[PDB]
Peer 1: 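One structure is given below, represented as structure tokens, and several questions about it will come after.
What you see below is based on every heavy atom in this structure, not just the backbone, and it leaves out hydrogens, waters and symmetry mates. Numbered from 1 within each chain, the chains take letters A, B, ... in sequence-line order.
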Amino acid sequence: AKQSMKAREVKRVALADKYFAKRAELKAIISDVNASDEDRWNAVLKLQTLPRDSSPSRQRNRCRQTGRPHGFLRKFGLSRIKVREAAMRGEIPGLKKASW
Amino acid sequence: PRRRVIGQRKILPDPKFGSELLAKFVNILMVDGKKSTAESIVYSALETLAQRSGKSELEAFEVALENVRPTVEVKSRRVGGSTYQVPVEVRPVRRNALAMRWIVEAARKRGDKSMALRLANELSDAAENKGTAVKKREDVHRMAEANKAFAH
Amino acid sequence: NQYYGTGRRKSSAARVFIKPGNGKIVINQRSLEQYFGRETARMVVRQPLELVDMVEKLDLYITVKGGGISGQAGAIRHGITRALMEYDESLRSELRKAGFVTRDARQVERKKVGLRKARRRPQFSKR
Amino acid sequence: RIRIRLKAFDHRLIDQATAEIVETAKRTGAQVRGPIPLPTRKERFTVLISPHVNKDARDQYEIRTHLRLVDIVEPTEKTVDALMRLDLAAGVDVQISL
Amino acid sequence: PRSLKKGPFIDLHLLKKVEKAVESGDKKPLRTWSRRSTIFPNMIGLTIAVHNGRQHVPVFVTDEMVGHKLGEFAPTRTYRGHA
Amino acid sequence: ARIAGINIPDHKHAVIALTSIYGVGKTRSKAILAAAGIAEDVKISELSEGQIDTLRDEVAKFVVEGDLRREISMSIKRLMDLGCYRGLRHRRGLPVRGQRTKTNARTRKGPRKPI
RNA sequence: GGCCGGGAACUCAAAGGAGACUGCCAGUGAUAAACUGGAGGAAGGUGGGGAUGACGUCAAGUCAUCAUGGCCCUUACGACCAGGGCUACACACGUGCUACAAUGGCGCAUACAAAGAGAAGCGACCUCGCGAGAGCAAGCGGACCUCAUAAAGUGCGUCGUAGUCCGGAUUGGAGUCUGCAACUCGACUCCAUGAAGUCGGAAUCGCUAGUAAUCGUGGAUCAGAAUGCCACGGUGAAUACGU
Ligand SMILES: [Mg+2]
Ligand SMILES: [Mg+2]
Ligand SMILES: [Mg+2]
Ligand SMILES: [Mg+2]
Ligand SMILES: [Mg+2]
Ligand SMILES: [Mg+2]
Ligand SMILES: [Mg+2]
Ligand SMILES: [Mg+2]
Ligand SMILES: [Mg+2]
Ligand SMILES: [Mg+2]
Ligand SMILES: [Mg+2]
Ligand SMILES: [Mg+2]
Ligand SMILES: [Mg+2]
Ligand SMILES: [Mg+2]
Ligand SMILES: [Mg+2]
Ligand SMILES: [Mg+2]
């Protein structure tokens with residue numbers, strides 16, 4: 001894909017793992033049942049302050065080589081085309097054509 | 001088919017009568033692969049008919065069977081746009097198949113409350129030539145009677 | 001001594017023990033009628049011992065696993081026939097002539113890519 | 001008492017590894033139970049083989065994982081020390097627990 | 001929708017603007033792009049121009065509008081009819 | 001068999017018959033009978049005036065018939081008068097709950113209107 | 001309570017072997033190739049299923065997976081952000097799901113599978129809630145723990161042919177969960193409502209056996225979002241004279 005998309009993905013990963021702990025603590029405060037609704041209101045208002053790119057839900061899986069955003073497989077980290085290409089040359093250990 | 005390779009497949013006897021023909025009837029009556037329902041239905045109907053007749057299930061079923069089975073049918077044969085209706089004989093196994101199929105299809109089209117009652121009433125009627133199945137047999141016989149000029 | 005037998009059918013496997021006795025039949029620590037509510041299964045189980053007529057002259061201890069109802073009944077047939085062979089060899093031709101000895105190898109076919117089922121195809125239109 | 005679990009994508013390599021492990025353990029003096037074969041794992045994948053459209057053209061692939069267990073009873077202090085130093089072949093995952 | 005134990009949802013900048021407007025008299029209409037923000041009773045009598053995608057539609061908050069969201073009063077599709 | 005202003009059948013069981021009230025479903029009917037000690041499979045025909053009175057008093061605990069119609073009418077009128085998205089969808093006679101419109105949507109549009 | 005002591009017989013697991021070869025018998029045949037039948041055997045003539053696609057055709061599809069000749073833009077045809085749209089709606093077609101019921105709907109009780117996944121994960125037990133769920137919290141990197149009671153079936157009772165105790169579209173009210181954020185535009189729960197539909201014109205599709213038909217279960221994608229796709233078992237038919 002375009003280089004811009006790859007840059008955006010890298011930046012999103014950086015922001016997410018930079019703000020992970022603070023997001024965790026604020027979300028833990030909000031999710032609690034034994035608390036003060038004023039504290040919950042303050043925590044809600046504070047959670048919006050962070051940049052939107054710090055959410056892990058803002059990241060899209062992509063091929064490690066080409067950047068294709070469709071057809072991903074979590075086990076290998078590649079889309080279908082590159083999986084087949086590499087697998088046909090014996091570069092993925094233990095993988096072979098199936099028949100049963 | 002073009003090859004003529006098939007043979008014939010084995011059929012199991014019925015549960016509590018030791019008859020193959022009743023098993024074939026149950027198979028004809030079965031839907032969706034639910035054989036237990038069909039066998040219970042046919043058993044109930046046969047029991048009711050035996051009670052209302054007194055002979056047995058076996059020969060009562062047989063007597064209804066001679067009254068519906070055919071003896072000659074027609075086959076089409078295209079010549080020049082129209083078709084010859086050539087009459088040909090029927091093998092006994094096909095006689096039984098056609099009789100059972102006509103019986104079941106006639107019984108399925110009725111207005112009683114249960115399928116067992118439908119089947120019992122229809123087959124009791126057919127035992128003495130009053131149902132729609134015997135009417136279909138008569139129509140087939142008449143149509144085969146008309147076109148015997150082409151029976152070589 | 002107990003005579004052993006093993007039967008397999010569809011996805012069901014059964015093991016059978018036969019000894020001299022007064023006609024008791026036990027399946028999975030239950031009676032014959034308790035295990036199989038279906039009558040066809042009962043005649044299926046009892047066919048072999050009835051062909052040779054040692055129903056009340058033997059005692060049968062059977063267990064089953066896997067599959068459904070008819071598969072378990074067929075496995076029971078196979079096991080009892082093999083145990084009867086192991087108990088007496090003069091009966092082999094008699095049970096072979098009835099088809100009891102052949103092992104039924106019919107399995108379920110796999111689903112194939114592009115088809116709704118093993119053989120059913122999707123609906124096709126010319127235009 | 002020792003549990004040892006071996007994992008491999010290929011059965012020949014893991015069989016040779018199990019043989020050398022059990023022979024080394026037995027030459028020390030301890031007794032062995034096994035090897036016991038655990039169920040093999042099969043993982044399957046199905047992918048499209050065309051860059052664009054053509055839905056019904058696909059390939060199917062399989063990965064197999066073989067796993068076996070060996071038990072060491074009455075271990076000697078020399079047995080375990082010879083056990084770590086065996087340096088099993090690459091491609092075989094070894095787990096040792098006590 | 002929004003779980004009861006979490007309360008409503010409002011935007012901090014919008015809340016700040018609303019308070020600063022209310023405490024200083026009924027000023028000019030307030031431009032906003034926040035359409036996911038629910039309506040509070042403090043908003044009654046105000047005029048808020050909500051973005052719809054291309055322009056800013058003025059909404060005059062009344063007592064009946066409390067509870068819903070702003071975007072409900074700014075349609076985003078234009079349709080007159082067919083043929 | 002004269003409850004809340006309607007005639008209910010007499011050849012039916014209690015639970016089935018009581019659903020004829022606009023505002024009473026199966027669960028509410030079961031709860032109503034369970035609060036008055038009448039067996040579910042007992043017809044309206046075999047009941048004494050005291051029993052019908054007890055049923056009427058139980059049914060009076062709920063909003064039924066004309067009041068429910070007035071409620072629904074007032075709510076839908078409120079929606080149409082606000083001018084919200086749901087109000088416009090009510091005005092237009094089009095799906096309200098985000099269903100697809102390119103096709104289907106016949107139970108809300110009606111029979112096809114050709115060109 | 002295979003629960004314990006125990007046993008390596010049995011199911012099973014996974015490595016290594018045997019086995020099926022027109023091998024034997026009879027007949028036809030041109031002594032040939034081969035064909036029809038029989039014995040033994042778990043299996044008989046390619047036992048069943050999958051993988052495996054010759055030389056080429058259609059200037060067939062893909063410059064948006066990627067790679068690349070030539071052309072084109074460079075304060076923009078490149079870059080960043082918020083909001084919206086891809087979800088519209090007089091209409092026409094393709095592929096599906098659910099029905100129009102008594103071989104059925106509903107209530108109570110009880111049998112029998114296979115295959116698969118699990119660490120920013122699967123999550124028991126106990127308590128609260130009618131419910132989706134919430135609180136506390138073992139075990140598991142797994143033939144050990146969790147997912148996770150299989151459904152159709154069976155026995156008993158009711159409904160007795162009615163647009164119904166069939167059908168579940170649309171609509172109102174009150175909520176749960178994921179997620180910064182459910183208006184446009186998520187899934188799910190509860191109460192209320194109860195539309196067309198009584199088997200479908202001219203036409204037209206699939207299937208030769210564990211197949212069609214019917215009943216359930218799992219996985220990839222995935223914060224959440226399957227009636228689609230890819231897999232797994234239960235029950236289990238009719239017919240093939242012929243070209
Ligand atoms: Mg690039
Ligand atoms: Mg995503
Ligand atoms: Mg596993
Ligand atoms: Mg033979
Ligand atoms: Mg032979
Ligand atoms: Mg072209
Ligand atoms: Mg081309
Ligand atoms: Mg083109
Ligand atoms: Mg292009
Ligand atoms: Mg944007
Ligand atoms: Mg689209
Ligand atoms: Mg219903
Ligand atoms: Mg009807
Ligand atoms: Mg309801
Ligand atoms: Mg074929
Ligand atoms: Mg299946």
Peer 1: Quick one: which protein N/O atoms are closer than 3.5 Å to N/O atoms of nucleotides 163-166 of chain G? Pair and distance per line, please.
Peer 2:
unit_1, atom_1, unit_2, atom_2, d
G:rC165, OP2, F:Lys12, NZ, 3.2

Peer 1: Counting any heavy atom closer than 4.0 Å, what does F:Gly25 reach on the DNA or RNA strands: base, sugar-phosphate only, or nothing?
Peer 2: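 Sugar-phosphate: the residue F:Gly25, judged by heavy atoms under 4.0 Å, touches backbone atoms but no base.
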
Peer 1: Please look at the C1'-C2'-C3'-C4' dihedral of G:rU22 and say whether its sugar is north or south.
Peer 2: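 South pucker for G:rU22.
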
Peer 1: Report yes or no: is G:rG44 base-paired to G:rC25 (Watson-Crick or G-U wobble, both distances under 3.5 Å)?
Peer 2: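 Answer is no for this nucleotide pair.
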
Peer 1: Do the side chains of E:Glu72 and E:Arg35 get close enough for a salt bridge, i.e. N-O under 4.0 angstrom?
Peer 2: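 A salt bridge is absent here (no side-chain N lies under 4.0 Å from a carboxylate O).
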
Peer 1: What integer number of Å spans the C1' atoms of G:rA152 and G:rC215?
Peer 2: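 5 Å, rounded to whole Å.
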
Peer 1: Does G:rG155 have its OP1 or OP2 closer than 4.0 Å to a side-chain nitrogen or oxygen of C:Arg38?
Peer 2: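 False: C:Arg38 side-chain N/O out of range (4.0 Å or more) of G:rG155 OP1/OP2.
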
Peer 1: Work out the sugar pucker of G:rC199 as north or south, treating a positive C1'-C2'-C3'-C4' as north.
Peer 2: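 A south sugar, the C1'-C2'-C3'-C4' torsion of G:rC199 being less than zero.
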
Peer 1: Does G:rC80 have its OP1 or OP2 closer than 4.0 Å to a side-chain nitrogen or oxygen of A:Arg8?
Peer 2: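 Yes, A:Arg8 has a side-chain N/O under 4.0 Å of OP1/OP2 on G:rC80.
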
Peer 1: Using the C1' atoms only, state how far G:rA134 lies from G:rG129, rounded to an integer number of Å.
Peer 2: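 Here G:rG129 and G:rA134 have their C1' atoms 9 Å from each other.
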
Peer 1: Is there a side-chain contact between D:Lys7 and the phosphate of G:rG142, meaning an N or O under 4.0 Å from OP1 or OP2?
Peer 2: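 Checking D:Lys7 against G:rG142: at least one side-chain N or O falls below 4.0 Å of OP1 or OP2.
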
Peer 1: Which way is the base of G:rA226 turned, syn or anti, if we draw the line at 90° from 0?
Peer 2: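 Syn conformation for G:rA226.
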
Peer 1: Considering residues at least two apart in sequence or located in another chain, which fulfil the ring-ring contact (aromatic ring centres under 6.0 Å, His included) criterion with E:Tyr79?
Peer 2: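 Only E:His82 meet the ring-ring contact (aromatic ring centres under 6.0 Å, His included) criterion with E:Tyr79.
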
Peer 1: Does the protein touch nucleotides 87-97 of chain G at the base, only the backbone, or not at all? Give it as B, S and - per nucleotide, heavy atoms under 4.0 Å.
Peer 2: SSBBBBB-SSS

Peer 1: For D:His66, which residues count as a ring-ring contact (aromatic ring centres under 6.0 Å, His included) partner, sequence neighbours excluded?
Peer 2: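 Applying ring-ring contact (aromatic ring centres under 6.0 Å, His included) to D:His66 gives D:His11.
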
Peer 1: Could you run through nucleotides 237-243 of chain G and give me one letter per nucleotide, 5' to 3': B if any protein heavy atom sits under 4.0 Å from the base, S if only the sugar-phosphate is that close, - if neither?
Peer 2: SSBBSBB

Peer 1: On the nucleotide G:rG83, are OP1 or OP2 found under 4.0 Å from the side-chain N or O atoms that A:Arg52 carries?
Peer 2: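 A:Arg52 to G:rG83 OP1/OP2: side-chain N or O found under 4.0 Å.
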
Peer 1: Identify whether G:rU103 and G:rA209 are a Watson-Crick or G-U wobble pair (both distances under 3.5 Å).
Peer 2: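 Between G:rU103 and G:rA209 there is no Watson-Crick or G-U pair with both distances under 3.5 Å.
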
Peer 1: Using the purine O4'-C1'-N9-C4 or pyrimidine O4'-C1'-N1-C2 torsion, is G:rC205 syn (within 90° of 0) or anti?
Peer 2: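 G:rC205: anti glycosidic orientation.
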
Peer 1: Strictly under 3.5 Å: I want the nitrogen or oxygen pairs between protein and nucleotides 175-178 of chain G, one per line.
Peer 2:
unit_1, atom_1, unit_2, atom_2, d
G:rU176, OP2, E:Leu4, N, 2.9
G:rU176, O4, E:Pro1, N, 2.8
G:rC177, OP1, E:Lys5, NZ, 2.3
G:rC177, OP2, E:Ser3, OG, 2.8
G:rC177, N4, E:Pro1, O, 2.5

Peer 1: Distance check: side-chain N/O of B:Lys113 vs OP1/OP2 of G:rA102, anything under 4.0 Å?
Peer 2: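 Looking at the OP1 and OP2 atoms of G:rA102, neither is under 4.0 Å from any side-chain N or O of B:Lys113.
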
Peer 1: Hey, do G:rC128 and G:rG133 pair up, Watson-Crick or G-U wobble, with both distances short of 3.5 Å?
Peer 2: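 Paired: G:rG133 with G:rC128, WC or G-U, both distances under 3.5 Å.
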
Peer 1: Is any NZ, NE, NH1 or NH2 atom of the basic residue among F:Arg70 and F:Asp67 found under 4.0 Å from an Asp or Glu carboxylate oxygen of the other?
Peer 2: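 Here F:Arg70 pairs with F:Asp67 in a salt bridge, since their nearest N and O are under 4.0 Å apart.
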
Peer 1: Partners of C:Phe17 by ring-ring contact (aromatic ring centres under 6.0 Å, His included), sequence neighbours excluded?
Peer 2: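 Once residues adjacent in sequence are excluded, the partners of C:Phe17 under the ring-ring contact (aromatic ring centres under 6.0 Å, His included) criterion are C:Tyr4, C:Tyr61.
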
Peer 1: With a cut-off of less than 4.0 Å, is there a side-chain N or O of C:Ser70 near OP1 or OP2 of G:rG236?
Peer 2: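 For G:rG236, OP1/OP2 do have a side-chain N/O of C:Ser70 under 4.0 Å.
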
Peer 1: Can a side chain N or O of D:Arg12 be found less than 4.0 Å away from OP1 or OP2 on G:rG16?
Peer 2: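 So the side chain of D:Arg12 is within the cut-off, an N or O lying under 4.0 Å from OP1 or OP2 of G:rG16.
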
Peer 1: Does a salt bridge link C:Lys117 with C:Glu109, judged by any charged N lying under 4.0 Å from a carboxylate O?
Peer 2: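 C:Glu109 and C:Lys117: not salt-bridged.
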
Peer 1: Please determine whether a side-chain nitrogen of the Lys or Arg among A:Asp53 and A:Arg8 lies less than 4.0 Å from a carboxylate oxygen of the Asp or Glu.
Peer 2: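 Here A:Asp53 does not pair with A:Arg8 in a salt bridge, since their nearest N and O are not under 4.0 Å apart.
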
Peer 1: Could you check whether G:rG200 pairs with G:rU227 (Watson-Crick or G-U wobble, each of the two distances under 3.5 Å)?
Peer 2: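 Pairing fails for G:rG200 and G:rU227, missing the Watson-Crick or G-U definition.
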
Peer 1: Mind checking whether G:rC205 and G:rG123 form a Watson-Crick or G-U wobble pair, both distances under 3.5 Å?
Peer 2: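 Donor-acceptor distances not both below 3.5 Å, so no.
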
Peer 1: Report yes if at least one side-chain N or O of F:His90 is closer than 4.0 Å to OP1 or OP2 of G:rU171; otherwise report no.
Peer 2: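 False: F:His90 side-chain N/O out of range (4.0 Å or more) of G:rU171 OP1/OP2.
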
Peer 1: Write out a two-atom table: protein N or O, nucleotide N or O from nucleotides 194-203 of chain G, distance below 3.5 Å.
Peer 2:
none

Peer 1: Run the salt-bridge test on F:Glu65 and F:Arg69 with the 4.0 Å N-O cut-off and return the result as yes or no.
Peer 2: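 Yes.
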
Peer 1: Could you list the residues that satisfy side-chain hydrogen bond (donor to acceptor under 3.5 Å, both in side chains) with B:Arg94, not counting sequence neighbours?
Peer 2: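 Expected list: B:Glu73.
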
Peer 1: For atom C1', what is the distance between G:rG118 and G:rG219, given to the nearest Å?
Peer 2: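 Looking at atom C1' only, G:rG118 and G:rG219 are 13 Å apart.
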
Peer 1: Roughly how many Å apart are G:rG179 and G:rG224, using the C1' atom of each and rounding to a whole number?
Peer 2: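 Result for the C1' pair: 7 Å, nearest Å.
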
Peer 1: How far does the P atom of G:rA111 sit from the matching atom of G:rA220, given to the nearest Å?
Peer 2: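 The answer is 33 Å between these two P atoms.
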
Peer 1: Give a yes/no answer on whether the side chain of A:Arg23 brings an N or O atom under 4.0 Å of OP1 or OP2 in G:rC180.
Peer 2: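 True: A:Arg23 side-chain N/O within range (under 4.0 Å) of G:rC180 OP1/OP2.
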
Peer 1: Give a yes/no on whether any side-chain N or O of C:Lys111 is located under 4.0 angstrom from OP1 or OP2 of G:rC230.
Peer 2: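 Affirmative; the distance criterion is met.
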
Peer 1: May I ask you to say whether A:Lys97 pairs ionically with D:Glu62, meaning some side-chain N is under 4.0 Å from a carboxylate O?
Peer 2: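 Result for this pair is no, no salt bridge flagged.
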
Peer 1: May I ask you to classify the sugar pucker of G:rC25 as north or south from its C1'-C2'-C3'-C4' sign?
Peer 2: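 North pucker for G:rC25; the sign of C1'-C2'-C3'-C4' is positive.
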
Peer 1: Output one letter per nucleotide in nucleotides 40-49 of chain G: B when a protein non-hydrogen atom lies under 4.0 Å from the base, S when only the sugar-phosphate is that close, - when neither is.
Peer 2: -BSS-----B

Peer 1: Does G:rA90 count as syn, meaning its glycosidic angle lies within 90° of 0, or as anti?
Peer 2: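 Syn.
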
Peer 1: Classify F:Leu68 by what it touches in the nucleic acid, base, sugar-phosphate, or nothing, heavy-atom distance under 4.0 Å.
Peer 2: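 Result for F:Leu68 = sugar-phosphate.
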
Peer 1: Before accepting this row, confirm whether a basic side-chain N of the pair B:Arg91/B:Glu89 lies closer than 4.0 Å to the acidic partner's carboxylate O.
Peer 2: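 Between B:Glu89 and B:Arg91 there is no salt bridge, as every charged N stays at least 4.0 Å from the carboxylate O atoms.
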
Peer 1: Taking only residues two or more places apart in sequence, or in another chain, which ones meet D:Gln16 in a side-chain hydrogen bond (donor to acceptor under 3.5 Å, both in side chains)?
Peer 2: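 D:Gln16: no side-chain hydrogen bond (donor to acceptor under 3.5 Å, both in side chains) contacts found.
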
Peer 1: What distance, rounded to whole Å, do you find between the two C1' atoms, one in G:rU164 and one in G:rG197?
Peer 2: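 About 14 Å, rounded to a whole number of Å.
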
Peer 1: With a 4.0 Å limit, can you tell me whether B:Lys34 has a side-chain N or O closer than that to the phosphate oxygens OP1/OP2 of G:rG236?
Peer 2: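 It does not, given that no N or O in the side chain of B:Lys34 lies less than 4.0 Å from OP1 or OP2 of G:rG236.
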
Peer 1: Is the phosphate of G:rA117 approached by A:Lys75 (side-chain N or O, under 4.0 Å from OP1 or OP2)?
Peer 2: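 Answer is no, no contact under 4.0 Å.
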
Peer 1: Please list, in numerical order, the residues of residues 47-59 of chain D that have a heavy atom closer than 4.0 Å to any atom of RNA chain G.
Peer 2: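 Those residues are D:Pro51, D:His52, D:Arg58.
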
Peer 1: So does C:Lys10 get a side-chain nitrogen or oxygen closer than 4.0 Å to the phosphate oxygens (OP1/OP2) of G:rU235?
Peer 2: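 It does, given that an N or O in the side chain of C:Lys10 lies less than 4.0 Å from OP1 or OP2 of G:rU235.
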
Peer 1: Could you work out the separation of G:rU217 and G:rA101 based on their P atoms and round it to a whole Å?
Peer 2: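 After rounding to an integer number of Å, I get 28 Å for this pair.
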
Peer 1: Taking only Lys NZ, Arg NE, NH1 and NH2, and the carboxylate oxygens of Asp or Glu, determine whether C:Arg9 and C:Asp104 approach each other closer than 4.0 Å.
Peer 2: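 Looking at C:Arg9 and C:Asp104, the cut-off is met.
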
Peer 1: Nearest 0.5 Å, please: how far is OG in C:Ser12 from CD1 in C:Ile69?
Peer 2: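 Separation between the atoms: 10.0 Å.
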
Peer 1: Just confirming the chi classification of G:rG141, syn or anti, using 90° around 0 as the syn window.
Peer 2: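 The base of G:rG141 is oriented syn (glycosidic angle within 90° of 0).
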
Peer 1: Label G:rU110 north or south, basing it on the sign of the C1'-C2'-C3'-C4' dihedral.
Peer 2: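 Positive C1'-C2'-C3'-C4' torsion, north pucker.
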
Peer 1: Both distances under 3.5 Å and Watson-Crick or G-U wobble geometry: does that hold for G:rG216 with G:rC232?
Peer 2: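 Indeed, G:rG216 forms a Watson-Crick or wobble pair with G:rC232, both distances being under 3.5 Å.
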
Peer 1: Are G:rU217 and G:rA231 base-paired in the Watson-Crick or G-U wobble sense, both distances less than 3.5 Å?
Peer 2: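 G:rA231 matches G:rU217 under the WC/wobble rule.
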
Peer 1: How far does the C1' atom of G:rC180 sit from the matching atom of G:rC66, given to the nearest Å?
Peer 2: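 Those two atoms are separated by 36 Å.
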
